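**Q** Got a structure for you, target.txt, holding compact mmCIF, C-alpha atoms and all ligand atoms.
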```
# COMPACT_ATOMS: atom_id res chain seq x y z
CA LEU A 1 56.47 -21.28 47.13
CA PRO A 2 55.76 -17.56 47.29
CA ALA A 3 58.96 -15.50 47.08
CA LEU A 4 59.63 -12.13 48.69
CA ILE A 5 60.29 -9.04 46.57
CA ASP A 6 63.48 -8.66 48.63
CA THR A 7 65.59 -11.45 47.17
CA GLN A 8 68.17 -10.78 49.89
CA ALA A 9 65.78 -10.75 52.84
CA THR A 10 67.27 -11.89 56.15
CA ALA A 11 67.00 -15.56 57.03
CA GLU A 12 64.37 -14.77 59.66
CA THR A 13 62.31 -12.67 57.22
CA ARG A 14 62.48 -15.35 54.53
CA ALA A 15 61.49 -17.95 57.12
CA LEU A 16 58.50 -15.93 58.31
CA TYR A 17 57.12 -15.55 54.79
CA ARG A 18 57.69 -19.24 54.02
CA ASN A 19 56.05 -20.35 57.26
CA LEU A 20 53.04 -18.07 56.77
CA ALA A 21 52.70 -19.61 53.30
CA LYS A 22 52.64 -23.08 54.85
CA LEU A 23 50.39 -22.34 57.85
CA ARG A 24 47.74 -20.39 55.97
CA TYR A 25 45.86 -23.42 54.68
CA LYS A 26 44.85 -24.78 58.09
CA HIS A 27 45.43 -21.81 60.39
CA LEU A 28 44.79 -18.16 60.99
CA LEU A 29 47.06 -15.96 63.12
CA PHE A 30 45.25 -13.47 65.33
CA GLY A 31 46.55 -9.92 65.57
CA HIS A 32 45.84 -6.85 67.68
CA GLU A 33 46.99 -3.26 67.28
CA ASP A 34 48.94 -1.55 70.10
CA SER A 35 48.27 -4.64 72.17
CA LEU A 36 51.06 -4.12 74.71
CA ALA A 37 50.89 -0.32 74.87
CA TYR A 38 47.60 0.13 76.73
CA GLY A 39 44.10 -1.22 77.10
CA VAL A 40 40.69 0.30 77.58
CA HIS A 41 41.13 0.53 81.36
CA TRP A 42 44.91 0.57 81.88
CA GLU A 43 48.14 2.17 80.74
CA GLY A 44 51.68 2.07 82.09
CA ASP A 45 52.30 -1.64 82.65
CA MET A 46 55.34 -2.71 80.63
CA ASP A 47 54.08 -6.27 79.99
CA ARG A 48 50.31 -6.41 79.69
CA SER A 49 47.58 -6.83 77.07
CA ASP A 50 43.78 -6.78 77.15
CA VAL A 51 43.99 -9.84 74.89
CA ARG A 52 46.10 -11.76 77.38
CA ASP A 53 43.98 -10.62 80.32
CA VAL A 54 41.00 -12.31 78.68
CA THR A 55 42.54 -15.45 77.13
CA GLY A 56 45.84 -15.97 78.95
CA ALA A 57 47.66 -15.51 75.64
CA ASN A 58 49.17 -12.63 73.67
CA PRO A 59 48.10 -12.08 70.06
CA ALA A 60 50.22 -13.88 67.48
CA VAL A 61 50.53 -10.69 65.43
CA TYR A 62 51.33 -7.33 67.00
CA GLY A 63 50.38 -4.22 65.06
CA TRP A 64 52.14 -0.90 65.65
CA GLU A 65 51.80 2.57 64.20
CA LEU A 66 54.45 5.16 63.33
CA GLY A 67 52.48 8.38 62.67
CA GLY A 68 54.48 11.27 64.11
CA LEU A 69 57.86 9.55 63.85
CA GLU A 70 58.52 11.51 60.68
CA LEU A 71 58.08 14.78 62.59
CA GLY A 72 60.69 13.79 65.18
CA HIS A 73 58.07 13.27 67.89
CA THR A 74 58.97 11.19 70.94
CA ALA A 75 55.56 9.47 70.78
CA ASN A 76 53.17 8.57 67.96
CA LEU A 77 49.81 10.15 67.18
CA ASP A 78 48.13 8.06 69.90
CA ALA A 79 50.81 8.97 72.47
CA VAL A 80 52.64 5.65 72.24
CA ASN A 81 56.26 6.36 73.19
CA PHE A 82 58.61 5.21 70.41
CA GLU A 83 61.31 3.90 72.75
CA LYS A 84 58.69 1.81 74.56
CA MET A 85 57.37 0.70 71.17
CA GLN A 86 60.83 -0.58 70.23
CA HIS A 87 60.96 -2.46 73.53
CA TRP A 88 57.53 -4.00 72.95
CA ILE A 89 58.38 -4.99 69.36
CA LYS A 90 61.55 -6.71 70.55
CA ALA A 91 59.65 -8.39 73.40
CA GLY A 92 56.91 -9.74 71.15
CA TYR A 93 59.42 -10.93 68.56
CA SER A 94 61.50 -12.60 71.28
CA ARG A 95 58.45 -14.69 72.17
CA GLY A 96 58.01 -15.72 68.53
CA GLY A 97 55.26 -13.25 67.64
CA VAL A 98 54.88 -11.44 64.34
CA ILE A 99 55.33 -7.69 63.89
CA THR A 100 53.38 -5.44 61.53
CA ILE A 101 53.60 -1.67 61.19
CA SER A 102 51.32 0.92 59.61
CA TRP A 103 52.00 4.62 59.16
CA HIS A 104 49.46 7.41 59.40
CA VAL A 105 51.90 9.93 57.96
CA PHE A 106 51.21 13.56 58.82
CA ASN A 107 50.48 15.96 55.97
CA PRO A 108 53.79 17.63 55.12
CA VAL A 109 52.20 20.56 53.32
CA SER A 110 49.90 21.71 56.11
CA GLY A 111 51.37 20.03 59.19
CA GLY A 112 47.98 18.45 59.78
CA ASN A 113 47.38 14.72 60.27
CA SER A 114 46.65 11.97 57.73
CA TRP A 115 43.00 13.05 57.55
CA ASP A 116 43.99 16.54 56.38
CA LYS A 117 43.29 16.17 52.68
CA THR A 118 45.58 18.98 51.48
CA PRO A 119 47.27 17.57 48.37
CA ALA A 120 50.78 16.29 48.95
CA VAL A 121 51.50 13.13 46.92
CA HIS A 122 52.38 14.92 43.66
CA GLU A 123 54.83 17.06 45.64
CA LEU A 124 56.41 14.11 47.46
CA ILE A 125 57.16 11.73 44.58
CA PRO A 126 60.38 11.81 42.54
CA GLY A 127 60.55 15.10 40.65
CA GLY A 128 58.18 16.79 43.08
CA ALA A 129 59.22 19.85 45.07
CA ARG A 130 58.89 18.04 48.41
CA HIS A 131 60.76 14.90 47.35
CA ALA A 132 63.43 15.74 49.95
CA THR A 133 60.68 15.55 52.58
CA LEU A 134 59.69 12.04 51.51
CA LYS A 135 63.30 10.91 51.88
CA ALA A 136 63.61 12.56 55.30
CA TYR A 137 60.35 10.95 56.41
CA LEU A 138 61.47 7.48 55.33
CA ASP A 139 64.87 8.06 56.96
CA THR A 140 63.12 8.30 60.35
CA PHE A 141 61.85 4.74 59.87
CA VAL A 142 65.33 3.58 58.89
CA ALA A 143 66.54 5.00 62.23
CA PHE A 144 63.64 3.47 64.16
CA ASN A 145 64.40 0.08 62.62
CA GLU A 146 68.04 0.36 63.83
CA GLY A 147 66.67 0.62 67.35
CA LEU A 148 65.23 -2.86 66.89
CA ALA A 149 68.57 -4.50 66.13
CA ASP A 150 70.66 -6.82 68.21
CA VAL A 151 74.20 -8.01 67.56
CA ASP A 152 75.20 -11.61 68.24
CA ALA A 153 78.43 -13.09 69.57
CA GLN A 154 79.83 -13.28 66.05
CA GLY A 155 79.18 -9.58 65.44
CA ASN A 156 76.23 -10.15 63.12
CA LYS A 157 73.25 -7.80 63.28
CA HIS A 158 69.75 -9.24 63.61
CA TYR A 159 66.35 -7.60 63.29
CA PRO A 160 62.75 -8.56 63.81
CA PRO A 161 61.06 -9.09 60.46
CA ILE A 162 58.39 -6.45 59.92
CA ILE A 163 55.29 -6.63 57.76
CA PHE A 164 55.39 -3.01 56.62
CA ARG A 165 51.97 -1.76 55.52
CA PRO A 166 52.25 1.83 54.26
CA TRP A 167 49.89 4.15 52.40
CA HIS A 168 46.88 2.05 53.32
CA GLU A 169 43.21 2.32 52.30
CA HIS A 170 44.32 4.40 49.33
CA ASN A 171 41.09 3.63 47.44
CA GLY A 172 39.26 5.58 50.14
CA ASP A 173 39.13 9.38 50.15
CA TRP A 174 39.85 9.97 53.84
CA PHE A 175 43.66 10.13 53.77
CA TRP A 176 45.68 12.66 51.80
CA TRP A 177 47.21 9.82 49.74
CA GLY A 178 43.71 8.62 48.86
CA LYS A 179 41.47 8.75 45.83
CA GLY A 180 40.40 12.31 45.07
CA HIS A 181 43.59 13.75 46.58
CA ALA A 182 46.22 11.98 44.54
CA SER A 183 46.18 10.62 41.00
CA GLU A 184 46.36 6.86 40.62
CA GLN A 185 49.66 7.15 38.79
CA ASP A 186 51.13 9.41 41.48
CA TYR A 187 50.06 6.95 44.19
CA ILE A 188 51.84 4.18 42.31
CA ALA A 189 54.95 6.34 42.04
CA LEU A 190 54.80 7.01 45.80
CA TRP A 191 54.57 3.30 46.56
CA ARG A 192 57.32 2.32 44.15
CA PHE A 193 59.64 4.98 45.55
CA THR A 194 58.96 3.77 49.08
CA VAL A 195 60.08 0.26 48.13
CA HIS A 196 63.08 1.43 46.11
CA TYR A 197 64.20 3.73 48.89
CA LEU A 198 63.88 1.25 51.75
CA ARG A 199 64.85 -1.96 49.93
CA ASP A 200 67.38 -0.71 47.39
CA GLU A 201 68.83 2.62 48.54
CA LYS A 202 68.82 2.01 52.31
CA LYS A 203 69.16 -1.77 51.96
CA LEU A 204 66.71 -2.79 54.67
CA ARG A 205 66.46 -6.57 54.52
CA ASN A 206 63.89 -7.26 57.24
CA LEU A 207 60.73 -5.99 55.52
CA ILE A 208 57.73 -7.73 53.99
CA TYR A 209 55.53 -5.26 52.09
CA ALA A 210 51.74 -5.30 52.58
CA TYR A 211 49.20 -3.65 50.29
CA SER A 212 45.80 -2.89 51.85
CA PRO A 213 42.82 -1.34 50.07
CA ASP A 214 39.62 -0.77 52.00
CA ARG A 215 36.80 -3.15 51.13
CA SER A 216 34.16 -0.49 51.84
CA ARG A 217 35.18 1.31 48.64
CA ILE A 218 35.34 -1.75 46.43
CA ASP A 219 32.42 -2.63 44.15
CA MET A 220 31.65 -6.24 44.97
CA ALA A 221 30.42 -6.81 41.40
CA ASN A 222 33.89 -5.92 40.16
CA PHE A 223 36.13 -6.77 43.08
CA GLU A 224 39.41 -7.38 41.28
CA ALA A 225 39.31 -4.08 39.39
CA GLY A 226 38.53 -2.19 42.58
CA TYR A 227 41.17 -4.04 44.56
CA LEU A 228 43.81 -3.24 41.95
CA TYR A 229 43.13 0.50 41.84
CA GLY A 230 46.55 1.97 42.59
CA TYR A 231 48.23 -1.44 42.61
CA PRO A 232 51.94 -0.79 42.15
CA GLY A 233 52.96 -4.14 40.67
CA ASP A 234 54.00 -7.59 41.79
CA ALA A 235 57.63 -6.46 42.17
CA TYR A 236 56.47 -4.11 44.92
CA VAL A 237 54.11 -6.20 47.08
CA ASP A 238 54.47 -9.31 49.24
CA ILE A 239 51.14 -9.42 51.08
CA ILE A 240 47.78 -8.98 49.39
CA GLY A 241 45.97 -7.34 52.30
CA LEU A 242 42.55 -5.84 52.92
CA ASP A 243 40.95 -3.59 55.48
CA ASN A 244 37.37 -4.72 56.01
CA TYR A 245 35.32 -3.29 58.87
CA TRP A 246 32.36 -3.06 56.51
CA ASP A 247 31.13 -6.66 56.50
CA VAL A 248 31.54 -7.07 60.27
CA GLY A 249 28.90 -4.63 61.49
CA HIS A 250 30.01 -1.15 60.49
CA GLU A 251 27.36 1.26 61.76
CA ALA A 252 26.89 2.79 58.31
CA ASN A 253 26.25 -0.56 56.61
CA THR A 254 22.53 -1.18 56.15
CA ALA A 255 23.06 -4.72 54.87
CA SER A 256 21.57 -7.56 56.91
CA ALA A 257 23.83 -9.71 59.07
CA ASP A 258 23.38 -12.56 56.62
CA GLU A 259 24.33 -10.44 53.61
CA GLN A 260 27.34 -9.11 55.54
CA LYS A 261 28.52 -12.63 56.39
CA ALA A 262 28.23 -13.60 52.72
CA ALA A 263 30.12 -10.45 51.66
CA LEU A 264 32.93 -11.08 54.13
CA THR A 265 33.42 -14.58 52.74
CA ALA A 266 33.22 -13.32 49.15
CA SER A 267 35.70 -10.51 49.78
CA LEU A 268 38.26 -12.92 51.27
CA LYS A 269 37.67 -15.58 48.62
CA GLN A 270 38.45 -13.06 45.89
CA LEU A 271 41.37 -11.63 47.86
CA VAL A 272 42.88 -15.12 48.07
CA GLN A 273 42.24 -15.75 44.37
CA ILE A 274 44.18 -12.57 43.57
CA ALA A 275 47.02 -13.58 45.88
CA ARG A 276 47.14 -17.04 44.32
CA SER A 277 47.32 -15.63 40.80
CA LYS A 278 50.20 -13.39 41.85
CA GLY A 279 52.12 -15.90 43.97
CA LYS A 280 51.60 -13.88 47.15
CA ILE A 281 49.99 -14.36 50.55
CA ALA A 282 46.65 -12.80 51.53
CA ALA A 283 45.65 -11.38 54.90
CA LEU A 284 42.82 -9.48 56.56
CA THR A 285 45.05 -6.66 57.73
CA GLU A 286 42.37 -4.63 59.58
CA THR A 287 38.94 -5.56 60.83
CA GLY A 288 36.71 -5.59 63.89
CA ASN A 289 33.48 -4.47 65.51
CA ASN A 290 34.04 -1.22 67.40
CA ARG A 291 32.95 -1.65 71.05
CA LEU A 292 32.09 -5.30 70.38
CA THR A 293 28.34 -4.82 70.48
CA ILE A 294 27.57 -7.92 68.39
CA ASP A 295 26.69 -11.13 70.24
CA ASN A 296 29.21 -13.90 69.56
CA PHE A 297 31.05 -11.58 67.21
CA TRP A 298 34.22 -13.67 67.13
CA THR A 299 32.80 -17.05 66.25
CA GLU A 300 29.71 -16.00 64.29
CA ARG A 301 30.78 -12.87 62.42
CA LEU A 302 34.52 -13.35 61.96
CA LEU A 303 35.64 -16.99 62.23
CA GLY A 304 32.45 -18.51 60.80
CA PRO A 305 32.46 -16.64 57.50
CA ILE A 306 36.22 -17.14 57.05
CA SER A 307 35.99 -20.88 57.69
CA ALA A 308 32.93 -21.32 55.46
CA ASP A 309 34.98 -21.25 52.27
CA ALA A 310 38.32 -22.98 51.72
CA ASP A 311 39.58 -20.12 49.57
CA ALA A 312 38.60 -17.45 52.09
CA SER A 313 40.26 -19.56 54.79
CA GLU A 314 43.62 -19.31 53.04
CA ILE A 315 44.28 -15.86 54.51
CA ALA A 316 47.31 -16.08 56.81
CA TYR A 317 46.20 -13.69 59.54
CA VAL A 318 43.51 -11.35 60.78
CA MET A 319 44.24 -8.21 62.81
CA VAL A 320 41.79 -6.14 64.81
CA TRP A 321 42.32 -2.52 65.74
CA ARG A 322 43.41 -0.92 68.99
CA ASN A 323 41.86 -0.85 72.46
CA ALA A 324 41.99 2.89 73.05
CA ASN A 325 42.55 3.99 76.63
CA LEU A 326 39.30 5.49 77.84
CA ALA A 327 40.66 7.74 80.57
CA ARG A 328 42.96 9.30 78.02
CA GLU A 329 40.91 9.28 74.79
CA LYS A 330 37.52 10.33 76.20
CA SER A 331 35.54 7.76 74.29
CA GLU A 332 35.01 4.08 73.93
CA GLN A 333 36.90 2.60 71.06
CA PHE A 334 38.07 -0.97 71.15
CA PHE A 335 38.16 -4.06 68.98
CA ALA A 336 39.41 -6.77 71.34
CA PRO A 337 37.63 -7.51 74.59
CA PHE A 338 38.79 -6.92 78.10
CA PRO A 339 37.74 -8.86 81.19
CA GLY A 340 34.01 -8.58 81.78
CA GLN A 341 33.26 -7.32 78.28
CA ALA A 342 30.25 -9.03 76.73
CA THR A 343 32.17 -10.88 73.98
CA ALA A 344 34.97 -12.08 76.26
CA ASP A 345 33.76 -15.69 76.45
CA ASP A 346 33.22 -15.83 72.69
CA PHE A 347 36.75 -14.45 72.27
CA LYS A 348 37.97 -17.31 74.46
CA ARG A 349 36.19 -19.65 72.04
CA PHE A 350 37.91 -17.89 69.12
CA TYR A 351 41.26 -18.44 70.85
CA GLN A 352 40.34 -22.05 71.63
CA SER A 353 39.62 -22.79 67.96
CA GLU A 354 42.23 -25.13 66.54
CA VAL A 355 42.33 -22.94 63.42
CA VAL A 356 43.13 -19.68 65.22
CA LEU A 357 46.65 -19.21 66.56
CA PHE A 358 47.66 -16.83 69.32
CA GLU A 359 51.28 -16.32 70.40
CA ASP A 360 51.31 -19.33 72.73
CA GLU A 361 50.30 -21.66 69.92
CA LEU A 362 52.74 -20.59 67.22
CA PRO A 363 55.28 -22.94 65.75
CA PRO A 364 58.77 -21.50 65.32
CA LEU A 365 58.22 -19.01 62.50
CA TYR A 366 61.76 -17.72 62.12
CA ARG A 367 63.33 -21.08 61.36
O1 LIG B 1 45.97 4.55 65.34
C1 LIG B 1 45.70 5.53 64.36
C2 LIG B 1 44.23 5.93 64.36
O2 LIG B 1 43.40 4.81 64.16
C3 LIG B 1 42.04 5.17 64.09
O3 LIG B 1 41.26 4.04 63.73
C4 LIG B 1 41.57 5.66 65.43
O4 LIG B 1 41.82 4.65 66.39
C5 LIG B 1 42.37 6.91 65.71
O5 LIG B 1 41.98 7.45 66.97
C6 LIG B 1 43.86 6.61 65.68
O6 LIG B 1 44.63 7.80 65.82
NA NA B 2 43.87 -21.78 68.95
```
How would this structure read if it were set down as structure tokens?

**A**
Amino acid sequence: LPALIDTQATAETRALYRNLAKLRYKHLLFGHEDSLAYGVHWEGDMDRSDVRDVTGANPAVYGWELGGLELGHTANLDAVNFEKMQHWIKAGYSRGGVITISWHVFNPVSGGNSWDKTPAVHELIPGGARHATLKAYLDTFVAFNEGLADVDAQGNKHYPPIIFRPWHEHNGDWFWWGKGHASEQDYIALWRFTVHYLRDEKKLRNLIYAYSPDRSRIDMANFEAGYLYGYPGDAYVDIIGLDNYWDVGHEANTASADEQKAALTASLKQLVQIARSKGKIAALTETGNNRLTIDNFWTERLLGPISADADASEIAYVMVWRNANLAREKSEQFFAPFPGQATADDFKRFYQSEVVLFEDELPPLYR
């Protein structure tokens, strides 16, 4: 029933959106960022995942990250080689998995990263002095996407559908495209240009566009207003997403576990209500407990609160963040377990839930 903003989306992209719309009522796809690239204790293997090492299954949704692509780098900001990334995207898609991509775009004014708050949005949008830079940046994604294509025996080009999730957490003040660093109207112009450029100028037909405010900067007494800060319009969004690490044990959150569980449910309930009103699909696009220090995190802090409310449960997927390689990154950062990690058995239970789908459990999503 929901319809994509790309009325000419490829058959596979249209099928994915339709099938997510159908599956969301009774199921939840599990996602993991950089899942094939490395794990906490390994890197190099061309077909491995911490998630699979624990459960025997790959995640249903594979998240990837393009930061650095726009600068012509051979690897992204976390040293994930782009050629390998293309291989991994194609591999996951070939197995029936779902692909989603975020983009921690470097600051074009300073050359710094996304956390360099030097103002840039006003300069990047149409009419701005650096508008040529925005086009060049987006062109690098167009080229990357070409490296995902195959051509069949009839000479037709095929691509993996991608849930493209740009300019995220824009209601936060930590990225240069965030509140305090860009006007609301300029953010909207940036978003709208991104869609026009990719969908209309460059005629990419394999994208589904995901919008993703951060829950930690939404007033729960006025959720809809907070959620819709910088909202670019229904003609520019397919997935009503949300990044919520807050209600799942963020170190800075003084709320009790019980209040956090209630807030998680409430945030997702309202997210789904917004999606329903707009004829879209909702998803928890980022979440997790860093270093998985919470007993029975998966069943008690994630699945439980989602399943407690039939509205909240209507999210289509939930993705947790990356399992940073320790030997490389110098600190422990991870959101899925690895073998021997304390929450591994509870993660197996999460996998075993009839509601939660990993790659091995997916129906054919692409028709
Ligand atoms: O993946 C992009 C960024 O995501 C953040 O949450 C951290 O994991 C960073 O170290 C990383 O560079
Ligand atoms: Na399952």

**Q** If you count only C-alpha atoms and all ligand atoms, which residues end up within 7 Å of ligand LIG 1 (chain B), as a CSV table (one decimal) with C-alpha atoms, keeping the file's coordinate frame?

**A**
```csv
chain,number,residue,atom,x,y,z
A,65,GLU,CA,51.8,2.6,64.2
A,77,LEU,CA,49.8,10.2,67.2
A,78,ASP,CA,48.1,8.1,69.9
A,104,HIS,CA,49.5,7.4,59.4
A,321,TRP,CA,42.3,-2.5,65.7
A,322,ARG,CA,43.4,-0.9,69.0
A,324,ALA,CA,42.0,2.9,73.0
```

**Q** Using only C-alpha atoms and all ligand atoms, pick whichever of A:349, A:257, A:364, A:155 has the shortest atom-to-atom distance to ligand NA 2 (chain B).

**A** A:349

**Q** Pick out the closest residue to ligand NA 2 (chain B) from this set: A:82, A:30, A:141, A:246. Count only C-alpha atoms and all ligand atoms.

**A** A:30

**Q** From the list A:244, A:110, A:102, A:353, which residue is nearest ligand NA 2 (chain B) when using all atoms listed in the file?

**A** A:353

**Q** Show me a table, sorted first by chain and then by increasing residue number, of the residues of range 141-164 of chain A having an atom at most 12 Å from range 237-242 of chain A, each with its shortest atom pair and the distance in Å to one decimal, counting only C-alpha atoms and written as JSON lines.

**A**
```
{"residue": "A:162", "atom": "CA", "partner": "A:238", "partner_atom": "CA", "distance": 11.7}
{"residue": "A:163", "atom": "CA", "partner": "A:239", "partner_atom": "CA", "distance": 8.3}
{"residue": "A:164", "atom": "CA", "partner": "A:239", "partner_atom": "CA", "distance": 9.5}
```

**Q** Counting all atoms listed in the file, what is within 9 Å of residue 54 in chain A, bar same-chain residues fewer than 5 positions away, as a ChimeraX atom specification?

**A** /A:49,337-340,344-345,347-348

**Q** Show me which residues line ligand NA 2 (chain B), defined as having an atom within 12 Å of a ligand atom where all atoms listed in the file count, and present them as a list in words.

**A**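 Taking all atoms listed in the file into account, the residues around ligand NA 2 (chain B) at most 12 Å away are residues 26, 27, 28, 29, 30, 55, 56, 57, 58, 59, 60, 303, 347, 348, 349, 350, 351, 352, 353, 354, 355, 356, 357, 358, 359, 360, 361, 362 and 363 of chain A.
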
**Q** Can you write out the residues you just picked, keeping C-alpha atoms, as a PDB file, keeping the file's coordinate frame?

**A**
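So part.pdb came out as:
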```
ATOM      1  CA  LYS A  26      44.850 -24.780  58.090  1.00  0.00           C
ATOM      2  CA  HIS A  27      45.430 -21.810  60.390  1.00  0.00           C
ATOM      3  CA  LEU A  28      44.790 -18.160  60.990  1.00  0.00           C
ATOM      4  CA  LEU A  29      47.060 -15.960  63.120  1.00  0.00           C
ATOM      5  CA  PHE A  30      45.250 -13.470  65.330  1.00  0.00           C
ATOM      6  CA  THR A  55      42.540 -15.450  77.130  1.00  0.00           C
ATOM      7  CA  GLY A  56      45.840 -15.970  78.950  1.00  0.00           C
ATOM      8  CA  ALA A  57      47.660 -15.510  75.640  1.00  0.00           C
ATOM      9  CA  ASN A  58      49.170 -12.630  73.670  1.00  0.00           C
ATOM     10  CA  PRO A  59      48.100 -12.080  70.060  1.00  0.00           C
ATOM     11  CA  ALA A  60      50.220 -13.880  67.480  1.00  0.00           C
ATOM     12  CA  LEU A 303      35.640 -16.990  62.230  1.00  0.00           C
ATOM     13  CA  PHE A 347      36.750 -14.450  72.270  1.00  0.00           C
ATOM     14  CA  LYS A 348      37.970 -17.310  74.460  1.00  0.00           C
ATOM     15  CA  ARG A 349      36.190 -19.650  72.040  1.00  0.00           C
ATOM     16  CA  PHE A 350      37.910 -17.890  69.120  1.00  0.00           C
ATOM     17  CA  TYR A 351      41.260 -18.440  70.850  1.00  0.00           C
ATOM     18  CA  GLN A 352      40.340 -22.050  71.630  1.00  0.00           C
ATOM     19  CA  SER A 353      39.620 -22.790  67.960  1.00  0.00           C
ATOM     20  CA  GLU A 354      42.230 -25.130  66.540  1.00  0.00           C
ATOM     21  CA  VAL A 355      42.330 -22.940  63.420  1.00  0.00           C
ATOM     22  CA  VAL A 356      43.130 -19.680  65.220  1.00  0.00           C
ATOM     23  CA  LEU A 357      46.650 -19.210  66.560  1.00  0.00           C
ATOM     24  CA  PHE A 358      47.660 -16.830  69.320  1.00  0.00           C
ATOM     25  CA  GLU A 359      51.280 -16.320  70.400  1.00  0.00           C
ATOM     26  CA  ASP A 360      51.310 -19.330  72.730  1.00  0.00           C
ATOM     27  CA  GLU A 361      50.300 -21.660  69.920  1.00  0.00           C
ATOM     28  CA  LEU A 362      52.740 -20.590  67.220  1.00  0.00           C
ATOM     29  CA  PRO A 363      55.280 -22.940  65.750  1.00  0.00           C
TER      30      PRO A 363
END
```

**Q** Nearest to residue 1 in chain A: which of A:279, A:305, A:108, A:161 is it, counting only C-alpha atoms?

**A** A:279

**Q** What lies within 8 Å of residue 218 in chain A using all atoms listed in the file, ignoring chain neighbours under 4 positions off, as a VMD selection string?

**A** chain A and resid 171 214 222 to 223 226 to 227

**Q** Taking (44.7, -1.6, 83.3) in the file's own coordinates, collect the residues within 12 Å, counting all atoms listed in the file, and hand them back as a PyMOL selection string.

**A** chain A and resi 36-53+323-327+338-339
